[PDB]
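Residue numbers (UniProt numbering), protein chains in the order written: chain C, 47 to 357; chain W, 47 to 357; chain G, 47 to 357; chain U, 47 to 357; chain S, 47 to 357. For reference, the structure discussed in these notes is given below.
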Amino acid sequence: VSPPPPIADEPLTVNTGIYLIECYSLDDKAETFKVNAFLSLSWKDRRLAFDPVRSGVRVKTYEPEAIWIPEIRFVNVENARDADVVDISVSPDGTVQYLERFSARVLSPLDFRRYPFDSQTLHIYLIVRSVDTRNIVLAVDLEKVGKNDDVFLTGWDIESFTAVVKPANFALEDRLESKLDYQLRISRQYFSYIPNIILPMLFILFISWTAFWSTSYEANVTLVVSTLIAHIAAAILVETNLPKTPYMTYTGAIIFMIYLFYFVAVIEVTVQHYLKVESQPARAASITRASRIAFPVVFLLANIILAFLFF
Amino acid sequence: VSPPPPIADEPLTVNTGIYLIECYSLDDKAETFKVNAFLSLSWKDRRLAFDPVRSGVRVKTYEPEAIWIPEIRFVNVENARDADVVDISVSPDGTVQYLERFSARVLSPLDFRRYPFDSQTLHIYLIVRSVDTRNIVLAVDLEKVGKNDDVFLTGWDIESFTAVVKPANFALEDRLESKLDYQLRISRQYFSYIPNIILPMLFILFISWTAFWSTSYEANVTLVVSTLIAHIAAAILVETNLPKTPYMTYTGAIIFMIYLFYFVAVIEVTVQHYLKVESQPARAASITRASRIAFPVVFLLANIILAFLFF
Amino acid sequence: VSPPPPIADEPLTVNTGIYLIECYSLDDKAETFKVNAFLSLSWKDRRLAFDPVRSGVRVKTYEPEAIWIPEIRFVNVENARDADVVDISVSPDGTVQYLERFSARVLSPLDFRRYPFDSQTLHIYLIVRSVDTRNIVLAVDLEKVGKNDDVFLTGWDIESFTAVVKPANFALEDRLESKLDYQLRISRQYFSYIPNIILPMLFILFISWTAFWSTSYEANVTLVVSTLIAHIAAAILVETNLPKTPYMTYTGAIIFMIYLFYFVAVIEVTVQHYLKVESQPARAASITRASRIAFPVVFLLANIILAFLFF
Amino acid sequence: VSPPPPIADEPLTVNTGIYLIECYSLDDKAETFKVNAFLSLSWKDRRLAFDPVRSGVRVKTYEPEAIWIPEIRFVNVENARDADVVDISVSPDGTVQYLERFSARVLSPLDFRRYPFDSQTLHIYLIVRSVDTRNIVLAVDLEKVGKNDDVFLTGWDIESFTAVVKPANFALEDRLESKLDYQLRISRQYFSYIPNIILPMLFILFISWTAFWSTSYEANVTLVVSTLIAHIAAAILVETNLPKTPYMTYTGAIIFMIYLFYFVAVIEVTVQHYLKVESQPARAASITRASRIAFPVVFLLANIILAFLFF
Amino acid sequence: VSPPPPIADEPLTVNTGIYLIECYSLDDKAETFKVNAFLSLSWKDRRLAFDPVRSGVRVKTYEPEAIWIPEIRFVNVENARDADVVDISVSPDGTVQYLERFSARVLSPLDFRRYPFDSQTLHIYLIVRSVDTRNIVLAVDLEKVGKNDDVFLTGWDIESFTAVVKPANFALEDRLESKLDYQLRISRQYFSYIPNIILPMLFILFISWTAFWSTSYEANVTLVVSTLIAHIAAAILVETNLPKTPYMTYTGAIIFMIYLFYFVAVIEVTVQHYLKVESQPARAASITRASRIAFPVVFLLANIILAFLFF
Ligand SMILES: CC(C)c1cccc(C(C)C)c1O
Ligand SMILES: CC(C)c1cccc(C(C)C)c1O
Ligand SMILES: CC(C)c1cccc(C(C)C)c1O
Ligand SMILES: CC(C)c1cccc(C(C)C)c1O
Ligand SMILES: CC(C)c1cccc(C(C)C)c1O
Ligand SMILES: [Cl-]
Ligand SMILES: [Cl-]
Ligand SMILES: [Cl-]
Ligand SMILES: [Cl-]
Ligand SMILES: [Cl-]
Ligand code: NA
Ligand code: NA
Ligand code: NA
Ligand code: NA
Ligand code: NA
Ligand code: NA
Ligand code: NA
């Protein structure tokens with residue numbers, strides 16, 4: 047079966063629509079998500095047109111094998127989608143109405159710059175390659191773009207699922223290729239990050255600053271070193287659930303900054319002890335007393351600067 | 047093939063049933079479970095009618111390809127079910143009795159609010175989409191809904207497997223959809239959490255409170271810090287076997303609360319030492335003596351408050 | 047093709063056999079194992095009978111598609127087996143001899159009560175569903191049940207592979223089902239657990255008891271706490287390679303008991319120090335001296351009691 | 047269908063091209079990467095030639111089954127490529143223009159010698175085996191070799207995707223094989239390694255060197271031992287994300303060198319204490335004072351030597 | 047299609063050959079490896095013989111479906127191989143020359159006794175089952191057994207790939223089976239284990255022995271305990287990348303031995319302190335002085351004994 051011939055020299059408009067049934071497995075490291083949805087396609091094939099009076103039927107149903115069907119592919123998929131044709135309906139004028147249900151692992155990159163307070167725009171790119179006979183062009187039927195209310199992405203809030211109505215038409219290997227951009231806007235559920243990593247990470251840091259109320263070098267060493275080991279554990283746990291970014295992230299910045307605070311506390315603890323042994327604890331006292339205000343004030347201001355730069 | 051034609055204007059009732067053979071792999075992080083079960087379907091196709099006098103047989107057998115079979119799909123599956131048609135039997139009136147055995151990764155969300163003392167209601171949604179010729183409607187044959195006695199879901203107790211007999215009939219992309227809700231009620235076996243996670247977590251917390259019977263700042267720092275690190279390990283181990291919830295969980299609350307208890311013990315240990323050095327151990331003694339009763343009493347009451355809020 | 051018709055009203059006996067080629071991947075958490083084996087089936091279809099003098103041939107070979115073959119399934123498999131028909135041979139009387147080679151992920155539960163000194167009975171359940179024409183019943187041909195000598199299950203000793211000759215015949219969805227139980231008896235190779243997990247766990251416990259020969263509260267705190275953190279690592283390592291059991295296991299008991307020993311040592315270390323500070327080291331000495339005998343004696347007796355209860 | 051016959055006994059030149067759609071999953075340990083791309087093939091089959099004036103058509107489209115298609119196979123793939131024929135076009139002369147879209151897990155080794163400041167050359171090898179009728183030879187059509195702008199490999203910069211135009215023709219099992227080398231040049235984005243692994247690893251090393259300003263053996267033991275445990279965690283974290291190389295890597299060197307610095311600091315801390323106890327702290331002072339300059343200077347020079355050897 | 051009939055009563059000799067293309071993923075815990083290779087088969091079928099004069103052709107090419115092809119299987123594979131027939135050529139005398147390219151997960155056990163200085167012999171077993179018509183026997187065509195030069199097994203050196211020319215002919219389920227043994231000899235690249243696991247493990251042990259030059263019980267406890275924890279981390283990192291063996295391994299022995307050295311050092315540290323407190327440091331001094339020579343000497347001799355027993 048060949049593509050429907052043009053009346054004049056017009057391209058064949060294939061109207062598309064994606065209706066999300068299930069959205070799942072959003073992998074941050076892999077920058078992938080899984081989607082189970084309906085794909086609807088509609089085009090006019092005049093060869094399939096009929097008289098409802100003569101045929102007695104208002105709609106004719108066909109098996110895929112029986113008629114010409116446009117080769118639609120997804121651009122950003124790991125492997126080609128698992129599809130099951132649900133229905134093919136031909137109206138009397140020849141307007142084919144194709145519907146299939148598919149599942150695909152979509153590969154769409156994420157911007158971790160504001161993590162875990164980030165929002166994302168996931169993309170699903172539909173594509174058709176023109177044939178020799180005639181050029182195929184994609185269109186969006188907004189009445190057939192959606193998601194069911196129950197669609198739930200674990201750990202994310204689904205804001206919108208819309209399509210960019212104007213396709214990106216371009217040459218690829220001397221043939222036209224009509225590309226459509228379906229956008230799924232999601233925003234991260236940061237609630238858990240607060241009681242789970244943020245607050246515990248801050249408490250173990252504040253526990254380290256109790257060394258500013260102690261003269262016991264042995265206890266201070268223990269305090270600042272032990273908490274630094276706890277911070278290493280947090281920093282490992284955080285970074286292992288994120289991909290290696292060529293840009294600095296908000297969480298990355300915070301984690302790095304905290305390492306400097308530990309390093310500078312070790313230096314303070316060291317200086318204080320050196321002076322006490324040198325029989326000059328008056329200098330050590332003034333240094334320690336300053337640190338009690340300095341460390342929190344600088345930490346607080348540095349965070350204000352950081353949050354400001356990132357948001 | 048086309049769907050069986052209506053005698054009058056009635057929809058085609060497809061009677062369904064699911065009989066669970068093996069229900070396994072319930073993944074808490076993924077909020078998915080695997081199921082291997084029988085799917086039974088029964089509908090009338092008068093076209094298939096026969097005389098057993100002429101045909102010789104009292105029941106006719108068919109290959110799926112040979113007759114019209116309703117396109118039944120699962121709503122909440124990762125990928126389309128792996129099915130194997132077990133049997134297709136047509137009685138003289140044209141009543142079809144279809145049976146297949148399938149396997150599926152069902153994606154049904156869990157409520158972790160009372161974890162590990164939570165119960166769940168897993169869902170398996172059956173759906174049929176109406177055709178142009180006639181409307182298809184799902185029904186439940188309760189004689190064909192069940193589970194074998196041996197069905198075991200590791201670390202869960204299977205309470206019931208029932209179906210919500212009245213289907214959810216609704217429009218979707220200008221066609222009728224008949225949706226059935228199969229409910230598998232399970233409850234978590236929390237036994238292991240007690241000797242494994244709970245009691246060890248409580249002993250290492252009580253071990254830290256022995257610092258209320260010591261004056262050695264160096265030993266107290268060691269005690270409270272070391273046990274804090276043990277609790278960091280605990281919390282990570284617990285937290286990595288749960289998904290990131292936008293709501294606070296019972297275990298999450300307990301774990302968070304325990305972090306405050308360590309932070310407040312570090313403060314007590316710090317205050318006690320400061321006073322000892324300040325040559326006023328009478329204040330330090332009274333503060334420490336209070337802490338011995340305070341810490342357990344407050345911990346016990348806080349837990350009573352927490353358990354109350356969550357159950 | 048319909049099933050072979052009965053001479054009288056007898057059921058069709060399908061003789062079965064499983065000959066294990068490879069046994070691998072016994073996952074303890076998942077309570078699954080992978081199997082690669084031959085499945086042999088034999089039944090009499092008189093329609094296929096021939097004269098060996100007239101046909102010249104002793105045996106006729108058929109393609110599966112050509113003749114009626116009973117739909118045999120495995121009950122306890124994750125997904126349906128990957129089979130390849132090796133041979134179909136028909137004798138003059140009409141005795142069909144079918145042979146296929148298959149692979150499957152069997153889901154058979156384990157009893158962790160005596161782990162790592164446990165033995166298991168893995169099950170492979172064969173099942174046939176009766177048809178409307180006639181009832182199919184399974185049988186065991188013991189001459190076709192076995193395993194090759196080289197079958198090796200890593201970290202397990204294969205004792206026997208036998209079949210329970212009497213099938214479990216029962217009604218399921220108003221049709222007869224004939225179920226056969228194939229039992230693979232294995233016993234765990236516990237050797238490695240001794241130099242790997244057991245002895246190191248016991249040494250780090252005995253290391254903590256050296257605090258009974260020390261008066262240094264700071265050194266005892268260090269000793270008992272450090273060894274406790276090592277035990278936490280041991281316990282996590284052990285329990286992450288086991289599923290969550292609703293029953294107490296031998297290893298689980300030992301691990302929990304050891305936790306108590308650390309808690310009670312912390313108490314001893316605390317009491318000894320309190321008394322030393324209270325200027326009464328005579329009581330502290332007698333308490334410590336007792337602990338030196340008490341701790342090992344109690345540990346040894348508690349283990350005798352435990353081993354007795356579990357074996 | 048047999049291969050096209052030669053006019054004069056020349057080999058059949060199959061012109062090839064690979065246009066990368068998506069690059070993903072570069073696994074360093076596995077030395078594998080995944081690709082989704084277009085594969086274009088073009089050859090002359092005179093049997094397929096037609097008249098364009100008489101036939102009215104300038105191009106004829108065929109189903110793969112209809113014509114002879116050269117068996118093109120990737121050398122370095124885990125399993126054979128998933129492919130979907132996009133189009134087959136025949137020009138009047140009989141020039142076939144085949145296009146398929148495929149996915150493959152390519153196995154191309156990496157050189158970890160300069161990690162994480164390394165660049166790589168990934169390979170995709172195309173191969174054709176000659177037939178008895180005639181020899182098939184591969185060629186590169188540079189106008190059909192490329193990648194889309196959006197191709198992104200997470201944590202890697204894509205430099206170029208080119209082909210080595212001259213095929214490696216050789217005998218294999220008494221038949222000619224024509225092999226083509228497609229090269230994808232990538233370079234690691236090392237940015238993240240600096241705030242994440244490098245700077246933290248250097249700070250915990252510098253923290254250990256504060257023991258050169260302390261006389262407290264107990265505090266020095268704590269300092270050097272604790273920071274050493276931190277380095278063990280770092281080194282384990284780094285080494286588990288790399289394969290076992292028979293050559294020394296840049297990071298491997300750095301990590302190993304750092305272990306010696308900790309061993310030599312333990313020795314210094316030990317010597318200093320021995321002398322202090324031996325009532326000769328003048329020697330201990332001079333040894334410690336030297337170490338303060340020695341340790342950083344030697345560390346800095348050793349790194350200059352190392353970086354020089356590796357780059 | 048039936049098997050070729052015998053001229054006399056001779057068995058049908060199927061000549062085989064395996065030429066390795068890519069050898070990857072050798073999993074130590076699983077005792078498996080992946081292989082991608084050519085499988086060549088050749089047998090005489092006189093029914094296929096032809097006159098090269100009357101046919102004009104010197105070789106006839108067939109589709110698998112067209113002719114009889116022996117059912118060749120691999121014994122030790124997880125699931126049946128993924129094959130693609132490359133070519134089927136019939137010479138005038140009727141000699142079929144079949145060639146396919148396949149991929150398989152071969153399950154061949156490893157001997158970890160000398161790990162990481164071990165060598166292995168991986169096996170690939172080819173098998174054919176005899177039919178009632180005639181008994182099929184495998185043979186090795188040494189000209190068709192090999193590997194390409196580029197075959198690389200990450201972290202292993204490929205020594206040889208040979209076949210044991212004499213097949214193991216035996217009865218299995220009342221039919222003969224002809225089994226061939228293909229042996230791939232590999233040896234582990236132990237280089238990395240030295241800077242990575244061995245030297246760091248030895249240095250953290252030597253760091254513990256500095257407690258023989260200290261009188262500070264608190265510092266010795268810290269030293270011997272901290273290092274013991276580092277050895278636990280090592281011992282896990284090692285053992286988790288190895289399967290549970292019923293035999294003692296070289297690395298297992300070394301690791302176990304080192305645990306005794308830590309236990310005995312804790313005992314020494316304990317005894318030394320007890321005596322110091324007992325106001326008899328002359329005994330403590332002589333015990334400590336002995337330990338300084340004893341510990342390394344015994345460690346060195348124990349290793350010589352161990353290496354001797356294992357190599
Ligand atoms: C589960 C949660 C509270 C948690 C446990 C342990 C450690 C950390 C980091 C913050 C150090 C953490 O996120
Ligand atoms: C997760 C479970 C197996 C576990 C093991 C050992 C100790 C703990 C405490 C410290 C939380 C624990 O939670
Ligand atoms: C490899 C082996 C000796 C090992 C190392 C570290 C800890 C454990 C036990 C204590 C769980 C262990 O099994
Ligand atoms: C360097 C090494 C010790 C390390 C520990 C913990 C966390 C990180 C990053 C996230 C800072 C890290 O790379
Ligand atoms: C002691 C040994 C098992 C070990 C510990 C930490 C780091 C490494 C390498 C990466 C140096 C290592 O293999
Ligand atoms: Cl697609
Ligand atoms: Cl489906
Ligand atoms: Cl099955
Ligand atoms: Cl391929
Ligand atoms: Cl096979
Ligand atoms: Na079509
Ligand atoms: Na059908
Ligand atoms: Na300490
Ligand atoms: Na059949
Ligand atoms: Na073809
Ligand atoms: Na084809
Ligand atoms: Na064949």
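We put the beta carbon where it would ideally sit given N, CA and C, even for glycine.
N-terminal and C-terminal residue of the beta strand (DSSP E) that residue i is part of
i: C:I243; result: Here C:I243 belongs to no beta strand (DSSP E), and DSSP marks it neither H nor E.
i: S:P213; result: 202-217
Spatial distance of residue i from residue j (CA atoms)
i: W:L172; j: W:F120; result: 5 Å
i: W:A54; j: W:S88; result: 19 Å
i: S:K106; j: U:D178; result: 9 Å
i: W:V317; j: W:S238; result: 39 Å
i: G:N194; j: G:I253; result: 48 Å
i: residue 18 of chain U; j: S:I250; result: Missing from the structure shown is residue 18 of chain U; chain U here goes from 47 to 357 and no further.
i: G:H169; j: G:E77; result: 11 Å
i: C:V81; j: G:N61; result: 46 Å
i: C:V270; j: U:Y308; result: 19 Å
i: U:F356; j: C:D164; result: 39 Å
Distance between beta carbons of residue j and residue i, contact taken as under 8 Å
i: S:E219; j: G:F84; result: 7 Å
i: C:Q235; j: C:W202; result: 6 Å
i: C:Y161; j: C:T295; result: 5 Å
i: W:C69; j: W:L199; result: 5 Å
i: C:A209; j: C:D196; result: Not quite, the Cβ-Cβ distance comes to about 21 Å (not below 8 Å), so this is no contact.
Boundaries of the alpha helix (DSSP H) in which residue i is found, first to last residue
i: W:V317; result: 296-323
i: S:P110; result: S:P110 -> no alpha helix (DSSP H), and no H or E assigned at all.
i: U:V271; result: 263-285
i: C:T334; result: 327-356
i: S:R100; result: 98-101
Chain A contact for residue i (CB, 8 Å cutoff)
i: U:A257; result: Absent from the structure: chain A. Protein chains present are C, W, G, U and S.
So, does the region 180-196 of chain S touch the region 134-141 of chain S, judging by three or more C-beta pairs under 8 Å?
no
Between the region 302-322 of chain U and the region 280-289 of chain S, can you find at least three pairs of beta-carbon atoms closer than 8 Å?
no
Beta carbon nearer than 5 Å to a non-hydrogen atom of ligand 1:
C:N242, C:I243, C:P246, C:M247, C:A280, W:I278, W:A281, W:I282, W:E285
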